[PDB]
């Protein structure tokens, strides 16, 4: 199989910008280079075949070029829905081989997160474990910090975070942080707080609840 070398591994770009993804073949592949677009959790979509031929229904802002061993995908004016990983593929000789993929991220204006905190359900407390969840909704950029406080004491090593892929329309991220405690530990303290810092916030935002309610 021919070795395809695609660059960059990832890139970031604003709406309306011109984006360029480079693909390089180990051997000559002439005119037989394809470009695929894959959005999170979806089947890859063929955008361009034969390097410069657009598949049916593909927007006109996509275009490819090059022949031999140097190829170039070009998005003339980036759109929010163009967030995806792009792969190049030589279809000159079996076996067809892919590149490493280029992860395209959208640059947009700063959006502060909306923060929500959730106490553990009474149903889960029957099992002897308490999960406290904090939600950071629709923010940009991706970097954010969550600090858990139990009766104003900082927690460490008892929380895990998960981040959503960039939204296809408003280009924001969402984040959940889950604090895991024992039922006995959870019941001996009162104030559970989620403290969020983010560039969109003038000062840290705290959402909390009292175990009583």
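Residue numbers count along the first chain shown, from 1.
Once the C-alpha B-factors are averaged per stretch, 187 to 195 and 21 to 29 rank with 21 to 29 first. Set 119 to 127 against 134 to 142 and average the Cα temperature factors; 119 to 127 ends up higher.
Each of 161, 70, 151, 165 has a CA temperature factor in the record; the biggest one is found at 70. The top Cα temperature factor in the record, among 63, 155, 171, 174, falls on 63. The deposited CA B-factor of residue 210 belongs to the middle third of values across its chain. Among the modelled residues of its chain, residue 88 has a C-alpha B-factor that falls in the middle third according to the deposited record. Split the chain's modelled residues into thirds by C-alpha temperature factor. Residue 182 is in the middle one. Among the modelled residues of its chain, residue 37 has a C-alpha B-factor that falls in the lowest third according to the deposited record. Residue 114 sits in the lowest third of its chain by CA B factor, as recorded in the PDB entry.
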